[PDB]
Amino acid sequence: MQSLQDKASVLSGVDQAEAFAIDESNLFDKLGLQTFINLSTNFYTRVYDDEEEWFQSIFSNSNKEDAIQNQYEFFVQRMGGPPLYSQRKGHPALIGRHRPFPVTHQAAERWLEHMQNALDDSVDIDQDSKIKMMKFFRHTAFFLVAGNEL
């Protein structure tokens, strides 16, 4: 309430401080490009095989392989790697770029569920990193929810 990052914390239960703990060490240096590519691939397989119509139909106007490229490049860029996303698309502008979608509370949890699963399948992400990443995903999911409202 009264500030996007505040709504995100209240809704998500993740403190903004926690959310950006990713910035304390270079995760990309820890995990490498391939971890991120596999992660987003896994994630989007699940999304595009999601049987939950309402979710899934959210992604109908996008290409699976494009969305994968969009996502891992943002993650690579944002977690210590080279700025691949900006090189190609400019500012992440997450709220702006999610404007066309119905980013609801329920949708945030669905998104986060597929991601939790994709993170679990990941063979190359250590616990500490998994926690930091989920804290970041979860805070920002609800940051998007807050943005979808205002």
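The first residue of the sequence shown is number 1, and the count goes up from there.
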property	result
Entry-level comparison of average CA B-factors, 7 to 15 and 123 to 131, reporting the higher stretch	123 to 131
111 to 119 versus 83 to 91 - greater average Cα B-factor per the deposited record	111 to 119
Entry-reported Cα temperature factor of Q69, expressed as the chain third it lands in	lowest
CA B-factor ranking of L144, expressed as a third of its chain	lowest
Among modelled residues of the same chain, the CA temperature factor third for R97	lowest
